[PDB]
Amino acid sequence: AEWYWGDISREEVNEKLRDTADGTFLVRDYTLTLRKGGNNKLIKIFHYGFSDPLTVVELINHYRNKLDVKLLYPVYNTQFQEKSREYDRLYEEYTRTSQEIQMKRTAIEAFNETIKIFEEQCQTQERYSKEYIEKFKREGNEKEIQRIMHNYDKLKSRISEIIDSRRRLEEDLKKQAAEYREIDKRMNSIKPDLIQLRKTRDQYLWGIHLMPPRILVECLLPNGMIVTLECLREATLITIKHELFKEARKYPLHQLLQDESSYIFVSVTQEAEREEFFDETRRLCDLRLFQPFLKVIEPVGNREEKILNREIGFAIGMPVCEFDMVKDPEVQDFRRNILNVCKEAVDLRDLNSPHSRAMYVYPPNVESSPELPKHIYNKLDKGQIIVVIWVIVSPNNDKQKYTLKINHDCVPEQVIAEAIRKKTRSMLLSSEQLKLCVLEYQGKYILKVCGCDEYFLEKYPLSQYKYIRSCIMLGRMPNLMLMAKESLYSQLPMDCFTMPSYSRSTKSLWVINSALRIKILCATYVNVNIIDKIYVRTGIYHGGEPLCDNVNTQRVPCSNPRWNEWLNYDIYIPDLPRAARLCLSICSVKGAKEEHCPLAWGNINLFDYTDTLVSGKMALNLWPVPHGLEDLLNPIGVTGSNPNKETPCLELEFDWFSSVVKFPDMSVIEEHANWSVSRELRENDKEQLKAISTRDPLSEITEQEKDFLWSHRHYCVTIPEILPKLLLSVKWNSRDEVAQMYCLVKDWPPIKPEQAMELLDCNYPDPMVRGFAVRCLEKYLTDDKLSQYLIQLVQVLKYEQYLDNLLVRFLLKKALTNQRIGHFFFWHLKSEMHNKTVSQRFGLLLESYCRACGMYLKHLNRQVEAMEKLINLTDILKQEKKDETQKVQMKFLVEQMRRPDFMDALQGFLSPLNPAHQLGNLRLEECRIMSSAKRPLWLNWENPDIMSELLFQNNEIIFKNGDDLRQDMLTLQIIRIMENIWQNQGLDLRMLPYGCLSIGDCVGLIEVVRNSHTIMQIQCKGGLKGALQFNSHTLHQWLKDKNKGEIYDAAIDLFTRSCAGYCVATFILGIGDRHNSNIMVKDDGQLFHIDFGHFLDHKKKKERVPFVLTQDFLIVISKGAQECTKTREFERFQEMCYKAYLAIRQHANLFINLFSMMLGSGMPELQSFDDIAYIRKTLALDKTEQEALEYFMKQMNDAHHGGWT
Ligand SMILES: COc1ccc(-c2cc(CNc3ccc(S(=O)(=O)Nc4nnc(C)s4)cc3)cc(C(=O)O)c2)cn1
Ligand SMILES: COc1ccc(-c2cc(CNc3ccc(S(=O)(=O)Nc4nnc(C)s4)cc3)cc(C(=O)O)c2)cn1
Ligand SMILES: COc1ccc(-c2cc(CNc3ccc(S(=O)(=O)Nc4nnc(C)s4)cc3)cc(C(=O)O)c2)cn1
């Protein structure tokens, strides 16, 4: 048959029905996919009919004759590489030009503020100079007239050079803007052709880095005089102000000047802010002045708040005054209302002082559960662990130690008690005297991990602390230091929280009888080549699902984007769900199959945060299209206008009703729900419900199953984890069904947080659904799990419709009551602030955090400053140094890191990877640029801790610039979760999820693993065997040299086990292709991988086993024999792989969710849901356990050419 496609993937079926007419259909292995109402409906066919009784080609023709009508419509490689390479070259110039334009627009604003201040200076000068010249003229002085006019000559000459500089920059911007539009036009012509060419392929100071040692700054006095003052670059504003007022006595009109104590300095900054400097401690070179000038004004406003606002704006990367001028009431309501969360968190952590404040700053670092897996309890002997308690005596740092043997699960106070028992053994204390000495030490002291800042402040069993637990795993001696609480409490400054200064008829939607219509008026411009026609494509979406077929305006010549057309959507105003959004775009049609492409896009919430339906006329500035998005609309994108107004602006008009239209309140919804039920339980049913709740979030659900789930919706309460599948069964364009769903959700039973997190992704926009998910997290989500999943929870904030919601308030409360959560809460937000889509939401949330976070803001600012100097330095190497040989680059590195300004910033701060790790003085001999192509930085710090010798004496981080490390973070997160699953199932497989943190745009930090080498580095320690060929046995021989004696077997074991872990994990996730420089081995034999920046389907345009065991690894697993495949050790290696693969398959739902919550980000290789489907295929979810294991073997076989059977 013509419409029978046999076996084809769901992703391929969606591609054929995309943007088609209602009635389009096909059939596959049976399964009938039908296009209705803008969606693709799935109608199953049983071996034939749709439902009992069964009455094949026969029934398909009968229906060609809920769902109304259907069955109308059944369903060079050198040129693609030539067009694709050109497109990527234009995209490079497109983003560089886009970024350079932003810096210029900011510099124009700095020029405007500068010229405004200088124009004020001329006015005040003309004011005072006017009256005193007339007096001096009357008196015939003529010396004072000349002196005044002499200073006015310099002022007028100075202000003219600034106006000339602004005019010169405006013209350069005007030129580069026109160049940006042309680049935009060239890419808009290639997009349709490049897609078509690929489809057929498949068918077969400002500007000055630093100030000079002495600099000349022009001080603008309130009497109108401009005075030149030579300053040391490091001089404080205190010194500058005092010297300035000595020099002012040499200038005319001195007597008008008040005392210097009555004034402060104001100036302009590289961020184009007009900044009053209330803190006069600050050095001149640290002010980030736009130009070298200062204006003397009288201070206005609260001193302490202005000082704090500067510190906040530095951490945020944006001036706080920019939020003051936003006229959007939702923005100003969020700033004021979110302070309620700040006050609760501050009140909660101060409840029992100092202790609860210490619990906030140094929260216990602890595993999820006290229960130890069986093989871990066997590592410790008899149930007891040997720990070393250290005491510091005398100012000389001399340290006495006491070795204890105690139960693994005994608490920290019981450990301290045993230290006292061992010390007092010979003192012959009575039973009561021993109790008194133990109670004193338990009260006066706590335990601290030697080598970092980590403390046991809480009653958790000792084996549950991450540090002790790690020691048990690794077979290392725990080293703890006895420390007085009074020393820890003075280490925490008591801080107070001050409220900022900004703390101070209608109608019903369901009443309107009418359909939904929106008028498209016109667009200011678009960038296209005179492409044939353009049009505005619109649609109404709930989540990613359309609520009705898309509606287009009429086509119009590119020269004239005017429509003035009413678009009629099929849907009923009372049927419009609360979370419905309007998604629209401007598209072009090249004249040929009519290739379409999306010039620009934008989204709108059809109800504002007050539940008001949009009305009247609206102007919407649109957004550039994301890199690899070929769809004509972008429902995942963020709502709201583009803050950049230099971009195409579409004008809309919304239907008007006699008054304001509001969404109904809950009492009317429930009353409507009872009205719908009024006008409207077998063993196999209970088993089908159980079966539907097990399948993965991305599994297909037919229409017969959606009706089955909805008919049984009242019985679904007994299987609460089925809720996501039930929500998909709802018709969200019917208020009758949504009203009933609300009455279920409010009473719905709670569910596990890992399951509730799914309801926070882009598929579940509804407020009631989302509010239910957050209440689930509020009760059942521990601070440990919240830390693990924090990258996903921060990501789903983007899909929230409004600034003020339940999820934001939950996360901010937790960040402000837990400083380990707050640290990464801050950095996850700060890294995306470059992204203008989320920059306002995240900027506002960082402000609220920084106000209530307490004394930690000083430490965060220290980290932000240090990262800025590393970003600046590495960006220089990317541009200037990009050519010259690495021998020269290292000369520039050692020279730049030697600057005392650089040295002060990069020494004595906390590692953003692990705030518990203090970063001391840099060891510069160890600092280098790595020899890899991307040329990242290798940085080495001393550990300042007195006990550092017992943990590590050097901290090493890789600072990598130019790659997006959010993908590494997701992989390393998944690696860690995979290991915890395997560990709790009795499989001991060591994985190495080293720390990775993205601090900005394609910039971040990576933890260095000590005592590790790449396979390449190890083969080079060896020698050649065949012609121009490394020896296959070098790796195995190297491990023999590192592990000799009885420890040899332990290394081969650890090698084989860790090798099994990265075989399974790498195959499941589709990690980028492995090679000898991204694979590594420790001295003990533990194997791990690096360079995780690729995952899933990324080779789709251009599956596979990334990690392929070569002769080198098989020699180690089999302990150096010949024919490694036939050995019993390689069989045992395969068993580990098979068992570890099935373990992940059972947990598949968790990992699919983790990827789904990340869709909103700009990660290049995670774009649509079809990218996540790669994991469905590698885990063989739609298959069965027996078949899925056979699937894994066949993939390993084909990649290794035999050996698996
Ligand atoms: C259970 O559903 C509802 C929805 C709204 C109201 C409702 C309406 C109004 C005023 N709006 C309105 C407009 C058109 C007509 S119609 O009869 O001429 N057309 C039609 N009839 N059935 C359809 C189907 S469409 C009636 C009312 C007011 C109130 C109220 O006063 O509470 C409630 C009551 N129940
Ligand atoms: C769009 O305009 C419409 C839509 C539907 C209807 C409509 C009226 C009726 C009349 N009876 C009726 C039934 C239920 C209740 S309720 O209080 O329980 N629900 C609610 N109240 N205010 C709202 C608001 S919705 C109130 C009146 C019946 C029907 C019908 O059942 O088809 C439709 C009327 N206008
Ligand atoms: C994590 O512990 C590590 C990691 C790497 C090295 C290491 C690697 C190499 C050569 N391999 C290599 C491959 C990829 C890149 S990357 O910049 O493109 N991405 C990334 N880098 N680290 C990650 C992590 S991901 C850099 C180097 C050489 C050396 C060395 O020079 O000693 C150390 C040592 N310890």
# chains A, B, ... in the order shown; residues from 1 in each chain; ligands from 1
$ select_by_dssp --residues "stretch 237-267 of chain A" --states "helix (DSSP H, G or I)" --output "number ranges by chain"
A: 237-250, 254-256, 260-262
$ residues_near_ligand --ligand "ligand 1" --cutoff "6 Å" --atoms "only C-alpha atoms and all ligand atoms" --output "ChimeraX atom specification"
/A:510-513,672
$ write_last_selection --atoms "C-alpha atoms" --output "CSV table (one decimal), in the first residue's frame"
chain,number,residue,atom,x,y,z
A,510,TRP,CA,-16.1,32.1,30.7
A,511,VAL,CA,-18.9,34.6,30.2
A,512,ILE,CA,-17.8,35.7,26.7
A,513,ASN,CA,-19.6,34.0,23.8
A,672,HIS,CA,-18.4,24.3,36.5
$ residues_near_ligand --ligand "ligand 3" --cutoff "10 Å" --atoms "only C-alpha atoms and all ligand atoms" --output "VMD selection string"
chain A and resid 928 to 938 956 to 963 965 968 992 to 996 1005 to 1017 1075 to 1082 1088 to 1093
$ closest_residue --among "A:1100, A:637, A:574, A:599" --to "ligand 2" --atoms "only C-alpha atoms and all ligand atoms"
A:574
$ residues_near_ligand --ligand "ligand 2" --cutoff "9 Å" --atoms "only C-alpha atoms and all ligand atoms" --output "tab-separated table (two decimals) with N, CA and C atoms, in the first residue's frame"
chain	number	residue	atom	x	y	z
A	508	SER	N	-15.74	38.09	33.35
A	508	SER	CA	-15.22	36.73	33.41
A	508	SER	C	-14.95	36.19	32.01
A	509	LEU	N	-13.81	35.51	31.85
A	509	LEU	CA	-13.48	34.88	30.58
A	509	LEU	C	-14.58	33.92	30.14
A	510	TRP	N	-15.12	33.14	31.07
A	510	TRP	CA	-16.10	32.12	30.72
A	510	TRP	C	-17.46	32.70	30.37
A	511	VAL	N	-17.66	34.00	30.55
A	511	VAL	CA	-18.91	34.65	30.16
A	511	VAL	C	-18.96	35.00	28.68
A	512	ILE	N	-17.81	35.12	28.02
A	512	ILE	CA	-17.77	35.68	26.66
A	512	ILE	C	-18.19	34.60	25.67
A	513	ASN	N	-19.24	34.88	24.91
A	513	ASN	CA	-19.62	34.03	23.78
A	513	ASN	C	-18.98	34.63	22.54
A	514	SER	N	-17.96	33.94	22.03
A	514	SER	CA	-17.16	34.44	20.91
A	514	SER	C	-16.00	33.48	20.68
A	572	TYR	N	-12.53	28.42	21.64
A	572	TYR	CA	-13.61	29.19	22.24
A	572	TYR	C	-13.05	29.91	23.46
A	573	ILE	N	-13.30	31.22	23.56
A	573	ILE	CA	-12.69	32.01	24.64
A	573	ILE	C	-12.84	31.32	25.99
A	574	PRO	N	-14.00	30.80	26.38
A	574	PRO	CA	-14.09	30.06	27.65
A	574	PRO	C	-13.26	28.79	27.67
A	575	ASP	N	-12.90	28.25	26.51
A	575	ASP	CA	-12.06	27.05	26.45
A	575	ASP	C	-10.58	27.35	26.59
A	664	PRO	N	-11.51	33.07	35.53
A	664	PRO	CA	-12.39	32.82	36.68
A	664	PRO	C	-11.60	32.32	37.88
A	668	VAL	N	-15.74	29.28	40.96
A	668	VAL	CA	-16.53	29.10	39.74
A	668	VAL	C	-16.04	27.89	38.95
A	669	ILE	N	-14.74	27.61	38.98
A	669	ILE	CA	-14.21	26.44	38.29
A	669	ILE	C	-14.80	25.17	38.87
A	670	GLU	N	-14.79	25.04	40.20
A	670	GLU	CA	-15.35	23.86	40.85
A	670	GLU	C	-16.83	23.73	40.56
A	671	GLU	N	-17.56	24.85	40.58
A	671	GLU	CA	-18.99	24.81	40.28
A	671	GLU	C	-19.23	24.38	38.84
A	672	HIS	N	-18.36	24.81	37.92
A	672	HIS	CA	-18.44	24.35	36.54
A	672	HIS	C	-18.04	22.88	36.42
A	673	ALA	N	-17.16	22.41	37.31
A	673	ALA	CA	-16.73	21.02	37.26
A	673	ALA	C	-17.85	20.08	37.69
A	674	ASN	N	-18.58	20.44	38.75
A	674	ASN	CA	-19.73	19.64	39.15
A	674	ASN	C	-20.80	19.61	38.07
A	675	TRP	N	-20.95	20.71	37.33
A	675	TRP	CA	-21.96	20.74	36.27
A	675	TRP	C	-21.59	19.82	35.12
A	676	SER	N	-20.29	19.63	34.87
A	676	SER	CA	-19.86	18.78	33.76
A	676	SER	C	-20.02	17.30	34.09
A	679	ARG	N	-23.82	16.26	33.83
A	679	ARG	CA	-24.35	16.11	32.48
A	679	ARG	C	-23.62	15.02	31.69
$ residues_around --residues "stretch 711-725 of chain A" --least-positions-apart "5" --cutoff "9 Å" --atoms "only C-alpha atoms" --output "JSON, numbers by chain"
{"A": [681, 685, 686, 689, 690, 692, 693, 694, 697, 701, 706, 741, 744, 745, 747, 748, 749, 750, 751, 752, 755, 756, 758, 759, 764]}
$ write_last_selection --atoms "N, CA and C atoms" --output "PDB file, in the first residue's frame"
ATOM      1  N   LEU A 681     -13.144  -0.572  36.580  1.00  0.00           N
ATOM      2  CA  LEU A 681     -12.999  -1.206  37.884  1.00  0.00           C
ATOM      3  C   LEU A 681     -12.913  -2.723  37.749  1.00  0.00           C
ATOM      4  N   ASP A 685      -8.252  -3.614  33.954  1.00  0.00           N
ATOM      5  CA  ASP A 685      -8.112  -2.162  34.010  1.00  0.00           C
ATOM      6  C   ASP A 685      -7.004  -1.759  34.973  1.00  0.00           C
ATOM      7  N   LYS A 686      -6.997  -2.346  36.173  1.00  0.00           N
ATOM      8  CA  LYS A 686      -5.963  -2.024  37.150  1.00  0.00           C
ATOM      9  C   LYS A 686      -4.579  -2.420  36.652  1.00  0.00           C
ATOM     10  N   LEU A 689      -3.552   0.220  33.899  1.00  0.00           N
ATOM     11  CA  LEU A 689      -3.118   1.463  34.531  1.00  0.00           C
ATOM     12  C   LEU A 689      -1.708   1.323  35.085  1.00  0.00           C
ATOM     13  N   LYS A 690      -1.436   0.216  35.778  1.00  0.00           N
ATOM     14  CA  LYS A 690      -0.093  -0.025  36.294  1.00  0.00           C
ATOM     15  C   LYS A 690       0.927  -0.065  35.164  1.00  0.00           C
ATOM     16  N   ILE A 692       0.722   1.416  32.138  1.00  0.00           N
ATOM     17  CA  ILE A 692       0.896   2.729  31.523  1.00  0.00           C
ATOM     18  C   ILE A 692       1.734   3.643  32.410  1.00  0.00           C
ATOM     19  N   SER A 693       1.713   3.435  33.727  1.00  0.00           N
ATOM     20  CA  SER A 693       2.477   4.295  34.621  1.00  0.00           C
ATOM     21  C   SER A 693       3.958   3.940  34.658  1.00  0.00           C
ATOM     22  N   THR A 694       4.331   2.726  34.244  1.00  0.00           N
ATOM     23  CA  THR A 694       5.738   2.336  34.243  1.00  0.00           C
ATOM     24  C   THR A 694       6.495   2.886  33.040  1.00  0.00           C
ATOM     25  N   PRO A 697       8.564   8.652  30.068  1.00  0.00           N
ATOM     26  CA  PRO A 697       7.839   9.886  29.720  1.00  0.00           C
ATOM     27  C   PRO A 697       7.699  10.128  28.226  1.00  0.00           C
ATOM     28  N   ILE A 701       1.564   7.339  23.473  1.00  0.00           N
ATOM     29  CA  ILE A 701       0.280   7.055  24.105  1.00  0.00           C
ATOM     30  C   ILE A 701      -0.798   7.278  23.055  1.00  0.00           C
ATOM     31  N   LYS A 706      -5.632   7.452  25.928  1.00  0.00           N
ATOM     32  CA  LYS A 706      -6.006   8.735  26.513  1.00  0.00           C
ATOM     33  C   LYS A 706      -7.450   8.715  26.997  1.00  0.00           C
ATOM     34  N   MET A 741     -10.065  18.412  35.943  1.00  0.00           N
ATOM     35  CA  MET A 741      -8.698  18.055  36.300  1.00  0.00           C
ATOM     36  C   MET A 741      -8.196  18.886  37.474  1.00  0.00           C
ATOM     37  N   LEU A 744      -9.225  17.389  40.755  1.00  0.00           N
ATOM     38  CA  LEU A 744      -8.425  16.215  41.086  1.00  0.00           C
ATOM     39  C   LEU A 744      -7.042  16.604  41.596  1.00  0.00           C
ATOM     40  N   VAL A 745      -6.411  17.599  40.968  1.00  0.00           N
ATOM     41  CA  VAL A 745      -5.029  17.933  41.299  1.00  0.00           C
ATOM     42  C   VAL A 745      -4.932  18.506  42.707  1.00  0.00           C
ATOM     43  N   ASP A 747      -6.598  17.814  45.355  1.00  0.00           N
ATOM     44  CA  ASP A 747      -6.663  16.718  46.312  1.00  0.00           C
ATOM     45  C   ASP A 747      -5.701  15.582  45.986  1.00  0.00           C
ATOM     46  N   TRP A 748      -4.881  15.722  44.949  1.00  0.00           N
ATOM     47  CA  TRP A 748      -4.069  14.605  44.487  1.00  0.00           C
ATOM     48  C   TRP A 748      -3.070  14.190  45.569  1.00  0.00           C
ATOM     49  N   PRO A 749      -2.815  12.895  45.741  1.00  0.00           N
ATOM     50  CA  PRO A 749      -1.826  12.460  46.739  1.00  0.00           C
ATOM     51  C   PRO A 749      -0.425  12.883  46.339  1.00  0.00           C
ATOM     52  N   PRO A 750       0.493  12.993  47.295  1.00  0.00           N
ATOM     53  CA  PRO A 750       1.868  13.373  46.953  1.00  0.00           C
ATOM     54  C   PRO A 750       2.602  12.239  46.254  1.00  0.00           C
ATOM     55  N   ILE A 751       3.693  12.606  45.578  1.00  0.00           N
ATOM     56  CA  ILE A 751       4.501  11.662  44.815  1.00  0.00           C
ATOM     57  C   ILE A 751       5.974  11.975  45.047  1.00  0.00           C
ATOM     58  N   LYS A 752       6.820  10.999  44.723  1.00  0.00           N
ATOM     59  CA  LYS A 752       8.247  11.135  44.972  1.00  0.00           C
ATOM     60  C   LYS A 752       8.801  12.340  44.211  1.00  0.00           C
ATOM     61  N   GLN A 755       9.736  12.002  40.602  1.00  0.00           N
ATOM     62  CA  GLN A 755       8.574  11.952  39.722  1.00  0.00           C
ATOM     63  C   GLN A 755       7.921  13.322  39.578  1.00  0.00           C
ATOM     64  N   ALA A 756       7.888  14.103  40.662  1.00  0.00           N
ATOM     65  CA  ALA A 756       7.258  15.417  40.621  1.00  0.00           C
ATOM     66  C   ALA A 756       8.055  16.402  39.777  1.00  0.00           C
ATOM     67  N   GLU A 758       9.209  16.036  36.959  1.00  0.00           N
ATOM     68  CA  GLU A 758       8.769  15.988  35.568  1.00  0.00           C
ATOM     69  C   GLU A 758       7.691  17.029  35.299  1.00  0.00           C
ATOM     70  N   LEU A 759       6.787  17.232  36.256  1.00  0.00           N
ATOM     71  CA  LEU A 759       5.704  18.190  36.092  1.00  0.00           C
ATOM     72  C   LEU A 759       6.200  19.625  36.011  1.00  0.00           C
ATOM     73  N   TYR A 764       4.348  20.885  30.962  1.00  0.00           N
ATOM     74  CA  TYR A 764       3.342  21.020  32.018  1.00  0.00           C
ATOM     75  C   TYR A 764       3.279  22.473  32.473  1.00  0.00           C
TER      76      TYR A 764
END
$ atom_distance --atom1 "atom CA of residue A:777" --atom2 "atom CA of residue A:757"
8.0 Å
$ residues_around --residues "residue A:1180" --least-positions-apart "3" --cutoff "9 Å" --atoms "only C-alpha atoms" --output "PyMOL selection string"
chain A and resi 1145+1175-1177+1183-1185+1187-1189+1191-1192
$ residues_around --residues "stretch 317-328 of chain A" --least-positions-apart "6" --cutoff "8 Å" --atoms "only C-alpha atoms" --output "PDB file with N, CA and C atoms, in the first residue's frame"
ATOM      1  N   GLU A 271      30.050  50.376  32.391  1.00  0.00           N
ATOM      2  CA  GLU A 271      28.683  49.885  32.255  1.00  0.00           C
ATOM      3  C   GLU A 271      27.688  51.004  31.968  1.00  0.00           C
ATOM      4  N   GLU A 273      26.816  53.489  33.860  1.00  0.00           N
ATOM      5  CA  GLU A 273      26.072  53.876  35.049  1.00  0.00           C
ATOM      6  C   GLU A 273      26.615  55.190  35.587  1.00  0.00           C
ATOM      7  N   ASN A 309      24.270  48.444  47.151  1.00  0.00           N
ATOM      8  CA  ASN A 309      23.808  48.284  45.776  1.00  0.00           C
ATOM      9  C   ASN A 309      24.980  48.161  44.812  1.00  0.00           C
ATOM     10  N   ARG A 310      26.070  48.880  45.080  1.00  0.00           N
ATOM     11  CA  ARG A 310      27.267  48.733  44.261  1.00  0.00           C
ATOM     12  C   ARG A 310      27.836  47.323  44.384  1.00  0.00           C
ATOM     13  N   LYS A 830      24.287  33.208  37.542  1.00  0.00           N
ATOM     14  CA  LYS A 830      25.241  34.191  37.039  1.00  0.00           C
ATOM     15  C   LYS A 830      25.824  33.775  35.695  1.00  0.00           C
ATOM     16  N   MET A 833      23.691  35.096  32.709  1.00  0.00           N
ATOM     17  CA  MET A 833      23.329  36.510  32.644  1.00  0.00           C
ATOM     18  C   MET A 833      23.709  37.155  31.319  1.00  0.00           C
ATOM     19  N   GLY A 843      18.502  38.183  36.605  1.00  0.00           N
ATOM     20  CA  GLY A 843      19.046  39.370  37.243  1.00  0.00           C
ATOM     21  C   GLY A 843      18.239  39.797  38.453  1.00  0.00           C
ATOM     22  N   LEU A 844      16.909  39.774  38.334  1.00  0.00           N
ATOM     23  CA  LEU A 844      16.059  40.142  39.460  1.00  0.00           C
ATOM     24  C   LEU A 844      16.191  39.143  40.600  1.00  0.00           C
ATOM     25  N   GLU A 847      19.480  39.679  42.494  1.00  0.00           N
ATOM     26  CA  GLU A 847      19.366  40.820  43.398  1.00  0.00           C
ATOM     27  C   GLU A 847      18.746  40.397  44.721  1.00  0.00           C
TER      28      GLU A 847
END
$ residues_around --residues "residue A:300" --least-positions-apart "2" --cutoff "12 Å" --atoms "only C-alpha atoms" --output "PyMOL selection string"
chain A and resi 262-266+275-278+297-298+302-306
$ atom_distance --atom1 "atom CA of residue A:1074" --atom2 "atom CA of residue A:791"
26.1 Å
$ residues_around --residues "residue A:917" --least-positions-apart "6" --cutoff "8 Å" --atoms "only C-alpha atoms" --output "PDB file with N, CA, C and O atoms, in the first residue's frame"
ATOM      1  N   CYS A 452      40.439  21.408  54.700  1.00  0.00           N
ATOM      2  CA  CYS A 452      39.463  22.283  54.065  1.00  0.00           C
ATOM      3  C   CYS A 452      38.545  22.816  55.153  1.00  0.00           C
ATOM      4  O   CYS A 452      38.741  22.540  56.339  1.00  0.00           O
ATOM      5  N   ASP A 453      37.521  23.569  54.752  1.00  0.00           N
ATOM      6  CA  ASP A 453      36.494  23.989  55.700  1.00  0.00           C
ATOM      7  C   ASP A 453      35.307  23.067  55.471  1.00  0.00           C
ATOM      8  O   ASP A 453      34.525  23.247  54.534  1.00  0.00           O
ATOM      9  N   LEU A 910      37.844  31.631  47.466  1.00  0.00           N
ATOM     10  CA  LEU A 910      37.277  30.291  47.557  1.00  0.00           C
ATOM     11  C   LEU A 910      37.015  29.727  46.167  1.00  0.00           C
ATOM     12  O   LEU A 910      36.617  30.455  45.253  1.00  0.00           O
ATOM     13  N   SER A 911      37.240  28.427  46.018  1.00  0.00           N
ATOM     14  CA  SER A 911      37.046  27.763  44.734  1.00  0.00           C
ATOM     15  C   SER A 911      35.563  27.699  44.391  1.00  0.00           C
ATOM     16  O   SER A 911      34.790  27.111  45.158  1.00  0.00           O
ATOM     17  N   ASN A 943      47.174  25.271  49.294  1.00  0.00           N
ATOM     18  CA  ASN A 943      46.102  25.113  50.268  1.00  0.00           C
ATOM     19  C   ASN A 943      46.523  25.814  51.554  1.00  0.00           C
ATOM     20  O   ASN A 943      47.446  25.337  52.232  1.00  0.00           O
TER      21      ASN A 943
END
$ select_by_dssp --residues "stretch 1005-1106 of chain A" --states "strand (DSSP E or B)" --output "list in words"
residues 1005, 1006, 1007, 1012, 1013, 1014, 1024, 1030, 1079, 1080, 1081, 1082, 1087, 1088 and 1089 of chain A
$ atom_distance --atom1 "atom CA of residue A:67" --atom2 "atom CA of residue A:730"
14.9 Å
$ closest_residue --among "A:1121, A:975, A:623, A:482" --to "residue A:1058" --atoms "only C-alpha atoms"
A:975
$ closest_residue --among "A:948, A:647, A:698, A:558" --to "residue A:763" --atoms "only C-alpha atoms"
A:698
$ closest_atom_pairs --of "stretch 794-863 of chain A" --to "stretch 93-104 of chain A" --cutoff "12 Å" --atoms "only C-alpha atoms" --output "Markdown table"
| residue | atom | partner | partner_atom | distance |
| --- | --- | --- | --- | --- |
| A:834 | CA | A:99 | CA | 10.4 |
| A:835 | CA | A:99 | CA | 11.5 |
| A:836 | CA | A:102 | CA | 11.2 |
